[PDB]
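Asks: What follows is a single structure, and I will ask about it in a moment.
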Amino acid sequence: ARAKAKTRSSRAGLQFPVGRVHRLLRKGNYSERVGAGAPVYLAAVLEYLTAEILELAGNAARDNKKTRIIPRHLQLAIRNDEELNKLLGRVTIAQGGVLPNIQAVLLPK
Amino acid sequence: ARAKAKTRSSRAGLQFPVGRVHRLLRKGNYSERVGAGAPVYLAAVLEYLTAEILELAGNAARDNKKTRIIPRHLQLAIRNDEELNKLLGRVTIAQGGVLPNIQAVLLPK
Amino acid sequence: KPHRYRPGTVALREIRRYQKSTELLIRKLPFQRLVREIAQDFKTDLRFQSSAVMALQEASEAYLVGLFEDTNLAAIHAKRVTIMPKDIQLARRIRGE
Amino acid sequence: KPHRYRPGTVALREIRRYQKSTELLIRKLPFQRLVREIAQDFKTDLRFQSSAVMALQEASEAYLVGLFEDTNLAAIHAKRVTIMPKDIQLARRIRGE
Amino acid sequence: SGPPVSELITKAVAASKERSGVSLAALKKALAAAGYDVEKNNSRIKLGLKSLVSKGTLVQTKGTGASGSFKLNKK
Amino acid sequence: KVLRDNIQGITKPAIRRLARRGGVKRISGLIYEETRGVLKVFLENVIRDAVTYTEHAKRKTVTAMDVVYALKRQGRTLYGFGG
Amino acid sequence: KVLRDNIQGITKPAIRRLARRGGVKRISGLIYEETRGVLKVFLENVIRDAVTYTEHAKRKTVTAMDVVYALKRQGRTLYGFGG
Amino acid sequence: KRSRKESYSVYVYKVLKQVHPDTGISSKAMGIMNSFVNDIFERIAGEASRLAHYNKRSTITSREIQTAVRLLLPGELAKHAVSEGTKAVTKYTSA
Amino acid sequence: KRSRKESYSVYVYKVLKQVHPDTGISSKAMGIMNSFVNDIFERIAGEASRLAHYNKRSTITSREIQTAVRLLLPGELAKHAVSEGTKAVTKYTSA
DNA sequence: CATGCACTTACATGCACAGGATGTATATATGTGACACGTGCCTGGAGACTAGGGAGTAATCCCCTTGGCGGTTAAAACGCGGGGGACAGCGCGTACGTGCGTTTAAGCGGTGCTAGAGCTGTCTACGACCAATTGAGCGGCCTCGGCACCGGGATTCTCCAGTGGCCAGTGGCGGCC
DNA sequence: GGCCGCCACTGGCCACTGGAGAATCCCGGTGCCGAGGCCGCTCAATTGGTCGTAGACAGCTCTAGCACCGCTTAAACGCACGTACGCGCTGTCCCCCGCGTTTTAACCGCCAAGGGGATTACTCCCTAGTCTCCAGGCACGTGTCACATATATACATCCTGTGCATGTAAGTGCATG
């Protein structure tokens, strides 16, 4: 009578919810109609960027010898990638701190 | 037996088109519904802002003894009102030039 | 003689410390008190989530810190190592306020 | 004896002139050449409405002029009157460019 | 009227006698304390000190020209 | 309940701490009250926006959601508070 | 057919005129080429977006409101050319 | 003939004449005026859409726009705009 | 009794264990990620809506989203995101 | 008669003010086109009705916020030497303003011509919409190991007492006149 | 015999060095509470099918952009040359900083009140949508005076030549050694 339900995220094979993002765009007042591949494309690019920043966070935590990522790792990761840095130059992280950075003449001699 | 076609801008005593702004808000995709008095309020606010900026422009044109509004007068008007300048700090003007500004150290003794 | 560090050494040490550190630098209670004080000026009997106060503290500290890096850029640009009131005034004006 | 103004006098005179004037300070056709050259680096055989080239123009000198009042305030902040590209780098970095 | 600025300068350099020579700002404050309108006579003091340096009566310690420290001759 | 001088509640060593996190090596003595005024002007901007949001919500309880709305409206978006 | 050097089309006297409009009275010689680089950088920053709008419009010819969109995207909103 | 392109010329011309009967207008300053009015309309409309999104409201009322007038328009202009828009709202309420 | 609230925790958890099985996470870092995904989603959606208005297209497709991400995301991030989304929409098209 | 001092006199130098040049400011002339206004029109705003649903409002409760005491220090504050840094002054050597002749290329303007923006019939892909259903995603709970805290070494950096080298000051010596 | 130059000694200053002392990290051990993982629910994502319609395409057109070509003149360009400007040196005062001591209030911990955020229920106010209609503004067209440009004249300003006050140096007569 009816086939087993297969999710569109599974049909794409990506982890972000296609149906949730499509519902958000339907109720977010951006267009009267949305092409079917558009939220899939959105979920894909979101999962790519979250994946890469998670690589950066995991590398930062492993450099800090910590198993779990912290907002300081997020600060250190997001400020040392220039595309990400100017992507979020005006975006602020809770309890992130700052980069270790000292101007040259501040040092002695 | 229809009523005589009267206009909503006249109903609010306004010059800006209530119907055009209402249509733009309906097709601008900002919500599924809009209140009746909301475009009236918006048109009234826009009319007040345009009225004050045109009055400042006319005063500026009178100061430069020209009978017609020039965008130089618009630049002089906007940059000399503090709340307008705070409204339009990041706005680029066509043919505006700048305010006549010389720093005190640039002038000779 | 008693020990005494030379000026700037401890300053550089605490620079390294606070760049390493992540915590808020101002006390919680007087900050919340000042936030309630100034918010009372607009409308009366306002209640505050502690999360809102902490988030405001975070944003304020970050905004101030970025202002001081701009001030540091101005001061090193002015060939000085001591920040000056005209440096903050300049940085605020360059940022567009 | 042939007259010669002292330095800065003529400079301040065209400062007053160009602050009074609104007309565009850039030769139009070399600017159009530069626009087409840079545009060809992204897409070949691009064609331009002349109004688009104009809009790009006033956008360009708006950014450039505002940069120069920023750098001028930086330079007098540095107790100097001659601008140097370090001032421009300072202004770009403080603006977050 | 009174004496010229040269007696004032040599009195300023003979007043203190540190290991290093007296400086421009120190001698200006010395003449301000002794009584002289130093604010309009900066060029006067510069030319007087440079002329008296050329006489060999004063030797400039570290600086060059009118800057630096200034001290009296051997004898 | 009614308080007056809590701009002085941002103490001078706290400003020194912020400066050391900001990489300032030396601070003039005139700096602290200026920075107090600056953080003030900033804060009534943001809380005026927050109060406007809160009264629009028909609430007298200020939420951090309103705060992050106010900060991103000034182009100063903050992460980590439910946005 | 191709172009190789038009950055020198922004001549030193034109830059001097702009700095006089900027209120600069004295200009070092090192200024001009560095400012050429800065203005150039601004140019690809706007024109990459402009090309993106143009191709997304499926047009081959650049139109002005696309430049308007790109500039207000960069917070540099231009008046007098919309529509 | 071509397609109709709506513009703001007539309305701004009327308000210009009622604030200054004596003066004239240049058309490229009028292009600036179209850009200005469209810009502010877009800003306030986007802010109102954000506010209705936050309060889960499907309907934009004048309360939302009035709130946005507090948000964007600075200070004394905002109190003035509340005054004129409020009395205009009452007048339209009286049809 | 409570009300269900949306968050993106579990999908980011699958992504994290996909990219780093050995690496944990703090919950406030997840709050920062939730602000991240909501903010970037809102940016792309607003850009897509304004682009859809610019060409008067009442439907936003993956072409529009591609245009928007090319606008906002710079270069290397842009080209790899384009590649990932292109592969995703292709394998969805085969599905 | 010589010599120091004071007095007088001449010259160098900084400051002030008049005078010309000149670029900008101020007065008509004009002819032009941008601006402003009359006109056809059609399409977009408005009038009447409807349907239905989103928002306004009552009730409640509970959870979150507010209000209050008391140790407990860390932190704030105060004070004080004292080094380090802002900053004034000057010299000075330059690089850039200013001026002027040249070349060039920017601009005007005029023709030709075409890609291509853009407008309009068509029809179909596609996407929103409605009924069902479920399983994945979220509330709840538990527990446990990553992680916070602490204490003892090891390290590490840094500042300060000696440490020798260098340079100039200084006295003594030998030769010379 | 005294004077002068030379030579050798010596003291102070400046870069080098080892060690001490305090800060900082690191390693090991301990508890402790958020991560996260499992369990139960539910609601919303999916499936399927339909209707309508959005937009891609075909095709056409006319228009604005691109090219070119000649003229012209101002702008750029480049060289000369003076001057003012960065800026490095030196120094000098004084301003925060490190290092303590006192103080104080922040914070944590705990406890009680209640208030309004939020949630559900009910309702009806309002507004999107549809049909009809007509007039408001827009494109088009066309006259017309505001002003851009041109020309003649006035004044502000700016540099500069000259004239004055003042500081300084030199000569010399006179009183005295």
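Heads up, chain I uses Swiss-Prot numbers, so what you see runs 31-125.
According to its header, this structure was worked out by electron microscopy, 4.3 Å.
Note: Cβ is positioned from N, Cα and C throughout, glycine not excepted.
Just lifted these from Swiss-Prot, have a look:
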- I:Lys35: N6-(2-hydroxyisobutyryl)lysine (MOD_RES)
- I:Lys35: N6-crotonyllysine (MOD_RES)
- I:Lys35: ubiquitin cross-link (CROSSLNK)
- I:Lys44: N6-glutaryllysine (MOD_RES)
- I:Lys44: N6-lactoyllysine (MOD_RES)
- I:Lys47: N6-methyllysine (MOD_RES)
- I:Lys58: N6,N6-dimethyllysine (MOD_RES)
- I:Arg80: dimethylated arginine (MOD_RES)
- I:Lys86: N6-lactoyllysine (MOD_RES)
- I:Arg93: omega-N-methylarginine (MOD_RES)
- I:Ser113: O-linked glycosylation site (CARBOHYD)
- I:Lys117: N6-malonyllysine (MOD_RES)
- I:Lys117: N6-succinyllysine (MOD_RES)
- I:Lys121: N6-succinyllysine (MOD_RES)
- I:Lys121: ubiquitin cross-link (CROSSLNK)
Asks: Looking only at C-alpha atoms, tell me how far I:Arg93 (omega-N-methylarginine) is from I:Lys47 (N6-methyllysine), rounded to the nearest Å.
Replies: 31
Asks: Reported as an integer number of Å, what is the Cα distance between I:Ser113 (O-linked glycosylation site) and I:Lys121 (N6-succinyllysine)?
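Replies: Roughly 12 Å, rounded to the nearest whole number.
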Asks: By a simple count, how many Cβ atoms lie within 10 Å of the Cβ of I:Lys47 (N6-methyllysine), its own Cβ left out?
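Replies: For I:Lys47 (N6-methyllysine), the 10 Å Cβ neighbour count is 14.
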Asks: For I:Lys86 (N6-lactoyllysine), list the number of other Cβ atoms lying within 10 Å of its Cβ atom.
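Replies: I count 7 other Cβ atoms within 10 Å of it.
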Asks: Provide the list of recorded positions among I:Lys35, I:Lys47, I:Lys58, I:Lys86, I:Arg93, I:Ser113 whose C-beta sits under 8 Å from chain G at the C-beta level, in sequence order; use 'none' for an empty result.
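Replies: So the ones by chain G are I:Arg93.
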Asks: If we take I:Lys35, I:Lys44, I:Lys47, I:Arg80, I:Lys86 as the modified residues, which have a Cβ under 8 Å from chain A?
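Replies: Only I:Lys44 pass the 8 Å Cβ test.
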Asks: What is the interatomic distance between the Cα atoms of I:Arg80 (dimethylated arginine) and I:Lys47 (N6-methyllysine), given in whole Å?
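Replies: Here the two Cα atoms are 36 Å apart.
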Asks: Distance between the residue listed as 'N6-malonyllysine' and I:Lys44 (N6-glutaryllysine) at the Cα atoms, whole Å?
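Replies: Pair distance, Cα basis, whole Å: 20 Å.
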Asks: Please list residues from the chain of I:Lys58 (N6,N6-dimethyllysine) whose Cβ is under 8 angstroms from its Cβ, counting only those at least six apart in sequence.
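Replies: In sequence order there is nothing to list, since no residue at least 6 apart has its Cβ under 8 Å from I:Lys58 (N6,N6-dimethyllysine).
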Asks: A 10 Å Cβ contact count, applied to the modified residues I:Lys35, I:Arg80, I:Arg93, I:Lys121: which residue has the minimum?
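Replies: With the modified residues I:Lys35, I:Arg80, I:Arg93, I:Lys121, fewest surrounding Cβ atoms within 10 Å: I:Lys35.
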Asks: What whole-number Å value do you get for the CA-CA distance of I:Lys121 (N6-succinyllysine) and I:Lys35 (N6-(2-hydroxyisobutyryl)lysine)?
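Replies: Checking the Cα atoms of I:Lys121 (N6-succinyllysine) and I:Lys35 (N6-(2-hydroxyisobutyryl)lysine) gives a distance of 31 Å.
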Asks: Recorded positions I:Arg80, I:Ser113, I:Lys117, I:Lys121: which sit with Cβ under 8 Å of a chain F Cβ?
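Replies: The recorded positions close to chain F: there are none.
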Asks: Does DSSP put I:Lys86 (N6-lactoyllysine) in a helix, in a strand, or in coil?
Replies: coil
Asks: To see if you understand the setup: which same-chain residues, six or more apart in sequence, place their Cβ under 8 Å from that of I:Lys44 (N6-glutaryllysine)?
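Replies: I:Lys44 (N6-glutaryllysine) has no long-range Cβ partners.
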Asks: Counting across all protein chains shown, how many other Cβ atoms sit within 10 Å of the Cβ of the residue listed as 'O-linked glycosylation site'?
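Replies: Taking every protein chain into account, the count is 13.
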Asks: Within 10 angstroms of the C-beta of I:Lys117 (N6-malonyllysine), what count of other C-beta atoms is obtained when all protein chains are considered?
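Replies: Taking every protein chain into account, the count is 14.
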Asks: Between the Cα atoms of I:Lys35 (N6-(2-hydroxyisobutyryl)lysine) and I:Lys86 (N6-lactoyllysine), find the distance and write it as a whole number of Å.
Replies: 35
